Amino acid sequence: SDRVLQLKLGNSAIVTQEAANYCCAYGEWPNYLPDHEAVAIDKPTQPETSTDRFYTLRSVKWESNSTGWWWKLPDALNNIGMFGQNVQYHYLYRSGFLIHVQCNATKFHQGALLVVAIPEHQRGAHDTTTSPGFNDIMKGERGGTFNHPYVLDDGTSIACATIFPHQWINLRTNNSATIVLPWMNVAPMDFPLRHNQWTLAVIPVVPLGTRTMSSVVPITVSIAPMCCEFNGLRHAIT
Amino acid sequence: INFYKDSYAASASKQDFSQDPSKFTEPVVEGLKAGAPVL
Amino acid sequence: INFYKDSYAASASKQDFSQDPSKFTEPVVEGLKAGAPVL
Amino acid sequence: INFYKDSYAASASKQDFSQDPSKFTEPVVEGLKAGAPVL
Amino acid sequence: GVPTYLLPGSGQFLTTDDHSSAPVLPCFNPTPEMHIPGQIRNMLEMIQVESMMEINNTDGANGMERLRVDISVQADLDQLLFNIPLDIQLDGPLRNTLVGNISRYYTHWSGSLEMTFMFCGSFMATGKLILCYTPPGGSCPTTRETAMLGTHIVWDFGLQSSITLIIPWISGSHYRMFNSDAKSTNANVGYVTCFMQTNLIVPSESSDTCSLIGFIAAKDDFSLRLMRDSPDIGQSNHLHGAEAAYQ
Amino acid sequence: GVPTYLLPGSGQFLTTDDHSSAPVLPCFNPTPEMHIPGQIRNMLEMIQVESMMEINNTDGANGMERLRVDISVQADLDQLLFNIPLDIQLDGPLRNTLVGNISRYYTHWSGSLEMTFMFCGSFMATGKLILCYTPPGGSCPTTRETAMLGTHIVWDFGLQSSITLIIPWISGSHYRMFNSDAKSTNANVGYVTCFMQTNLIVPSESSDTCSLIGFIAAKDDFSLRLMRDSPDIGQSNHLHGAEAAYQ
Amino acid sequence: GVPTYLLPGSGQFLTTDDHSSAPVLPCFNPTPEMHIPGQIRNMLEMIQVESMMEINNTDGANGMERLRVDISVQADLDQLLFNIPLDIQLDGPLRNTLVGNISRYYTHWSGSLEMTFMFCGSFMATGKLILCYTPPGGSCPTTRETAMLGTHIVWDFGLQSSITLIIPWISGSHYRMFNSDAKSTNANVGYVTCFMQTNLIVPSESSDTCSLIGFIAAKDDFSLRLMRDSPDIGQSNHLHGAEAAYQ
Amino acid sequence: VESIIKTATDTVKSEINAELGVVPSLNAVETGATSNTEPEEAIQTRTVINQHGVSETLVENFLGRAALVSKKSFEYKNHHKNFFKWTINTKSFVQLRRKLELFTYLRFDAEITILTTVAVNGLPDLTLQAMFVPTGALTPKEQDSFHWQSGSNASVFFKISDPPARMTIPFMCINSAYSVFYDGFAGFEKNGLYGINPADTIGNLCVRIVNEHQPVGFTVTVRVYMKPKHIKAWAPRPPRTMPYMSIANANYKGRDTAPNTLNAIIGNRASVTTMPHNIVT
Ligand SMILES: CCCCCCCCCC(=O)O
């Protein structure tokens, strides 16, 4: 009953027959900006189905020595579909996100991935006093990789990362993780090209292993923006 | 008693005993029943 | 509370929120209607 | 009057005049009557 | 007596404190109040009055020439006429205005601004212009096709001599800051540009170069916070006569 | 005036005092509050979230390898697999956890703890383990026959991947202290040990070595007292850029 | 603000003052109270318990031998057996008792005292004694005919092993003082003497020398005033380990 | 789900359990939820009326302490020439920094206490001036420049012989809360600083000795303490483990040897079956 799930948004839908319930970050659900919290006075555009739908990113391969992967939001989607177009033509944006991470193998494989949504995941650089640069942070649709997952690449720890909204993909138990993210920021809206509200991290705490036939085991990420709103229309910063 | 005209000047407010651990401990859409199998 | 006998010794009076910008922004004898041509 | 928020900060409490010397002077199970032979 | 104890801060002199203090002249009777025209109670009342922007802040323009923008009959189409830096913290066309001067005594601001332009050519001169406000994020537009995508007003010269371009408050945060870094995400307001929509057209006896005067003011949805000393005034020596006050 | 007298303590600066003090910016209007997800009001809310124990804190285990305990198919019976020092004040597997980190900002604690273990082997792998909590007093048990006499849970691997061992609050005194003497009667919590109840059994194509991830968290009957500075952070020099803040 | 002025005494630290003071640990929750046997609320409760008088404070008597008075079968009549100095301020048989020790933390006292003696000879031993309290004014009586004129109790040995001599509060002034001058009219309490009323008589197989143990306590009409440091304890050097507390 | 909690929860007595279909001790960590197994379901418990308080862990108390945020020594003599400027930040001292960083967002007013001490190179009872220079305002260039006239800036004048100066700075962010962490860049171009939200820019604290120099020199040290109050906090975070390296970022290196080394946070024990402080009787 809580192992099967279908998510439908816009012209897109996803089903899983091996889910583990699903997480609603901090027990919240996405919503449009109410009049009593609004700041920007221009009438916003709410494109609905053209932007609030699942966008599937390129997959990554789970290898025996993988350290983990990460994708920042909205950066990862800032150049995809109509969500990307609205982001480029508008100074301000606001939205929640429905995240669905996918990874299947066989009943002979073992492995466990921590799938966590980190708010304001400010990265640190290793063994230097120089702060991370633009290209170290903005990876776009391709996402990045963890250098030292043990400390979440920020001098803290993955051990305590469970304090953030998360799920796990334990091959023996499930083949997907689902997390619903509400707007998370100190402002009602923001400029999408210079700030990322959330960072999706997928880290193999227990490495992939088996003694059966070796096969490429991918990890795929599908993300659907929710309740998108845009303000401050102008030309595209394409 | 705050004798200053600006409320932000007042002493600390140590009376908010409200809590909701579940937003961190049980952020799952479907409530998990006591002894019933979670999956 | 002013403990001095002269009222001018009291603390500041920051409670006058009355305004009338129009004495500076619209000092015209004939009120100008919203969208109607001013001239 | 204690102006601090923590009650343990208050001045001394010198108003407890209750006593029960018998817990030290007569801890015997059977009460001993005035002039009656104790044994 | 009453048992007391002094707290940290005791004896200090905070320039923004607010307490009563000993009257120097007991029983003094101040002059009766009399009604006087023009009372102002909130500085926001002052910044709602439009004042002239120094748009032509260029070498070669002296004094009042800096307060008007001259437009000429064009030979080409869709021509860019001028742009206006929306810098208030950094020096620029908006700095020496009522809204600019008063706002600079503060650090945070929020609210809509309004720019009004009055065409001062002759009656026989006609034309259409397009004024555009471009929210931040990119480079200032240099072509009408690009500027036209932002907030704008197409202005037709005629009996009503002036047009108003509203620069609506469009910001992610509640307030913006008058930060020394003009390119900061918490300070940059965007741009204002002006192009010919058609062209300035005049007969032989009308001057072929006409001036515009641009004004700016805050709307009543404006608000300022965090008072600070203004960078617009300073001194390095005693003013003449200051020392003589002691002689 | 009012006759008064200063008490001892007058003029002192106690870092934990609680008084009102002069507002630096009179009439300042703070930004309106907005709802933000995840508000936390009591630190006890944070320590109720389970986090990973670094059980494999051994030489040769690097980074994340230290966060999982590998169990293999055994050749002998009733084998001891691992034990967990319940040290919170002294460094150990429980120190870098949410409950451990926050508790170390305090000196006294009381309440039940819960350890949850998730089996991360393949679906075809089966097994039964016994997790035991031994109240203090003696030496850590090294045989199942001895450990089995304490509080325990026999765990059968299956659809439900995880098991919880409750470490109930069993103490003579209301609270225990995070004392530097690990063998003190007011600090030692006892031990946690894990033995094979049966054995880890897997088919030829499933990996024959599987990992467990152990988590720990406080229950809602938990309480912390006497705030102190945490021993988990310190500095011996200025951080890079600290002095530059003055230039 | 409020006009005030500091009074003499301002800023002083009086060890007996009573004021509230800043809590070091805000929001600290003390351990819940639990019922514990033997709560004492007034020191007067303690001094009402009788304790042993060191009547045999003589050279040759060591340790516990000093706490009992041996009486023997007499050859002569009306023999004086022993007397007890009623000195509390000056060292004497009453000093190291519950009433004596606690009273010495004070300067003034008032109330009745009670001395109880328990005969510890064998069952076959018989006898009659007379215990006398002589109010102050003269020299301690040395003959029964003289002592007998004061307050007294004739004691017959038997089933009930103990007798009580009440030393009623008989004083001109409301209180007496623990003054260093033992012969002062505001301090001297008088004397207590004990004589054979008949004789100690025992059979051949019973010991012919028997012991008495004397106890003393205050009655509930007792009262103490003016707290002072006790002369019963002092130090001239650091105690062992005191300085090490700083290492 | 939300409720008022003033004491730790009580325990209820429990009996023997042998029910099919009911397995309270089994859970599924994969859901992301923490185990909901109660003590009463794991073992047989007795009834306990728990009176233990939970007020010392209130966020207001946890963060409500005056902590050192700035310390600056300078020479007071005939010439930092008798004054200094400090770009305000809460990242220079690690005890306060680590605690604030346990949260993602924080909204609070800040009580500021300024403590001054002096040493001869008797002690003069000097008068100092601490002026708050907001963003965009001009900072003093000399001990005597016109800037100190402080016509609009808030300034506080205090003596070394008086108790430490104190005042409260209101929550002054342009947003609804301060961003303790910021995964973004401060500008519209690509060369801006990463991890520094412009919105949380306070300004500069300028401090000078008002007195003209004396015939001899002195060393003056100014310590500034900050205590947050009227606190609201959101989204707790993993505590810092690696030593801090810079005030401008979360860069890390780790200690040279455990504990808290990049390769091992917890110190090593001989093996997973080795009990470190085992009781030997
Ligand atoms: C000493 C003035 C402090 C003003 C408030 C600073 C808040 C900083 C919050 C943070 O980003 O960690």
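Below, chains carry the letters A, B, ... as their sequence lines are ordered, and counting in each starts from 1.
For residues 31-52 of chain A, every residue pair satisfying the side chain to side chain donor-acceptor pair (under 3.5 Å) rule, not counting sequence neighbours, is listed here: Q46(A)-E229(A). Among residue pairs with one or both ends in residues 131-142 of chain A, those qualifying as side chain to side chain donor-acceptor pair (under 3.5 Å) are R58(A)-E141(A), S131(A)-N249(H); sequence neighbours excluded. The side chain to side chain donor-acceptor pair (under 3.5 Å) pairs that include a residue from residues 176-196 of chain E are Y91(A)-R176(E), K183(E)-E189(H), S184(E)-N186(E), where partners are two or more places apart or lie in different chains. Counting only residues at least two apart or in different chains, salt bridge (charged side-chain N to carboxylate O under 4.0 Å, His left out) contacts with residues 95-104 of chain E comprise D91(E)-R95(E), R95(E)-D232(E), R104(E)-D232(E).
The CG atom of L7(A) lies 12.0 Å from the CD1 atom of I99(A); values are rounded to the nearest 0.5 Å. Note that CG of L131(E) and SG of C194(E) are 4.5 Å apart. Values are rounded to the nearest 0.5 Å.
Annotation for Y89(A): atom OH does not count as buried by contact number, only 12 or fewer foreign heavy atoms lying within 6.0 Å.
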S222(A) vs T56(A), side-chain hydrogen bond (donor to acceptor under 3.5 Å, both in side chains): CA-CA, chis, key distance, verdict: CA-CA 4 Å; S222(A) 294; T56(A) 291; 2.7 Å; yes
Residue pair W234(H), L106(H): steps toward the side-chain contact (heavy atoms from CB on, under 4.5 Å) verdict: CA-CA 7 Å; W234(H) 297 265; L106(H) 291 172; 5.9 Å; no
From CA spacing to verdict: side-chain hydrogen bond (donor to acceptor under 3.5 Å, both in side chains), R68(E), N56(E): CA-CA 6 Å; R68(E) 59 182 187 267; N56(E) 186 27; over 6 Å; no
Derivation and outcome, side-chain contact (heavy atoms from CB on, under 4.5 Å), residues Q197(A) and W183(A): CA-CA 8 Å; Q197(A) 287 62 58; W183(A) 171 244; 3.9 Å; yes
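Smallest separation of non-hydrogen atoms from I179(A) and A117(A): CD1-N, 4.4 Å. In terms of heavy-atom proximity, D190(A) sits nearest to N185(A) at OD2-ND2, 2.8 Å. Residues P149(A) and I203(A) approach most closely at CB-CG2, 3.9 Å, considering heavy atoms.
Checked by atom type and distance alone, the side chain of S173(E) never pairs as donor or acceptor with a backbone atom of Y175(E) at under 3.5 Å. When atom types are taken as modelled, the side chain of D154(A) and the backbone of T156(A) share a donor-acceptor pair closer than 3.5 angstrom. Side-chain atoms of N251(H) come within 3.5 Å of backbone N or O of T128(A) as a donor-acceptor pair. The main-chain N or O of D75(A) is never found under 3.5 Å from a side-chain atom of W71(A) such that the two would form a donor-acceptor pair. Judged by distance alone, with hydrogens and angles left aside, the side-chain atoms of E114(E) form no donor-acceptor pair with the main-chain N or O of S112(E) at under 3.5 Å. Formation of a donor-acceptor pair under 3.5 Å by the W70(A) side chain with backbone atoms of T145(A) is found in this model. Side-chain atoms of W198(A) never come within 3.5 Å of backbone atoms of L73(A) as a donor-acceptor pair (strictly under, hydrogens ignored). Judged by distance alone, with hydrogens and angles left aside, the side-chain atoms of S110(E) form a donor-acceptor pair with the main-chain N or O of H174(E) at under 3.5 Å. Between the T67(A) side chain and the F146(A) main chain, a donor and an acceptor come within less than 3.5 Å of each other. The backbone N or O of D183(H) sits less than 3.5 Å from a side-chain atom of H195(A), completing a donor-acceptor pair.
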Output side-chain donor-acceptor pairs under 3.5 Å for residues 230-238 of chain A, partner residues at least two apart or in another chain, one line each.
| from | atom 1 | to | atom 2 | distance (Å) |
| --- | --- | --- | --- | --- |
| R234(A) | NE | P135(E) | O | 3.2 |
| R234(A) | NE | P136(E) | O | 3.0 |
| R234(A) | NH1 | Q88(A) | O | 3.1 |
| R234(A) | NH2 | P136(E) | O | 3.0 |

For residues 145-153 of chain E, which side-chain donor-acceptor pairs fall under 3.5 Å, sequence neighbours excluded?
| from | atom 1 | to | atom 2 | distance (Å) |
| --- | --- | --- | --- | --- |
| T146(E) | OG1 | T143(E) | OG1 | 3.2 |
| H152(E) | ND1 | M148(E) | O | 3.3 |
| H152(E) | ND1 | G150(E) | O | 3.0 |

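For the pair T178(A) and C23(A), the minimum side-chain heavy-atom distance is 4.5 Å or more. At a threshold of 4.5 Å between non-hydrogen side-chain atoms, the residues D87(E) and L94(E) do not count as touching. The closest side-chain heavy-atom distance from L77(A) to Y55(A) is below 4.5 Å. Counting heavy atoms from C-beta outward, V115(A) and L200(A) have side chains that approach closer than 4.5 Å. Within the 4.5 Å cutoff, side-chain heavy atoms of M115(E) are placed close to those of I84(E). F181(H) places none of its side-chain heavy atoms less than 4.5 Å from the side chain of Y105(H). With a 4.5 Å cut-off on side-chain heavy atoms, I247(H) and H240(F) do not count as touching. Residues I163(E) and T116(E) fail the side-chain proximity criterion, which asks for heavy atoms closer than 4.5 Å.
Considering only residues two or more places apart in sequence or on other chains, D78(E) meets the side chain to side chain donor-acceptor pair (under 3.5 Å) condition with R144(E). Every residue two or more places apart in sequence or in another chain was checked for a side chain to side chain donor-acceptor pair (under 3.5 Å) with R107(H), and none qualifies. Residues passing the side chain to side chain donor-acceptor pair (under 3.5 Å) test with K190(H), sequence neighbours excluded: none. Residues passing the side chain to side chain contact (heavy atoms under 4.5 Å, CB included) test with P37(F), sequence neighbours excluded: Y26(A), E28(A), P182(A), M184(A). Evaluation of the ring-ring contact (aromatic ring centres under 6.0 Å, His included) rule for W169(E) yields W109(E) as partners, not counting sequence neighbours. By the side chain to side chain donor-acceptor pair (under 3.5 Å) test, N197(H) is found to be paired with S179(H), residues two or more places apart in sequence or in another chain being considered.
Checked for salt-bridge contact, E101(H) and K91(H) meet the test: a charged N lies under 4.0 Å from a carboxylate O. Note on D153(A) versus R123(A): salt bridge recorded, some NZ/NE/NH1/NH2 to OD/OE distance being below 4.0 Å.
Cation-pi contact between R194(A) and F188(H): absent, since separation from the ring centre below 6.0 Å together with deviation from the ring axis within 45° is not met.
The aromatic ring centres of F178(E) and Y106(E) sit 6.0 Å or more apart. In this structure, the ring of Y194(H) has its center no less than 6.0 angstrom from the ring center of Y182(H). A ring-centre distance under 6.0 Å is not found for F164(A) and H121(A).
By the 30° and 60° cut-offs, the orientation of the rings of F97(A) relative to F83(A) is perpendicular. Classified by interplanar angle (parallel below 30°, tilted 30° to 60°, perpendicular above 60°), the ring pair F54(A)/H100(A) is perpendicular.
At a cut-off of 3.5 Å, with distance as the only test, a side-chain donor of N11(A) or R53(A) sits close to an acceptor on the other residue.
Tested against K72(A) for a side-chain hydrogen bond (donor to acceptor under 3.5 Å, both in side chains), the candidates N196(A), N78(A), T199(A) yield a single pass: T199(A).
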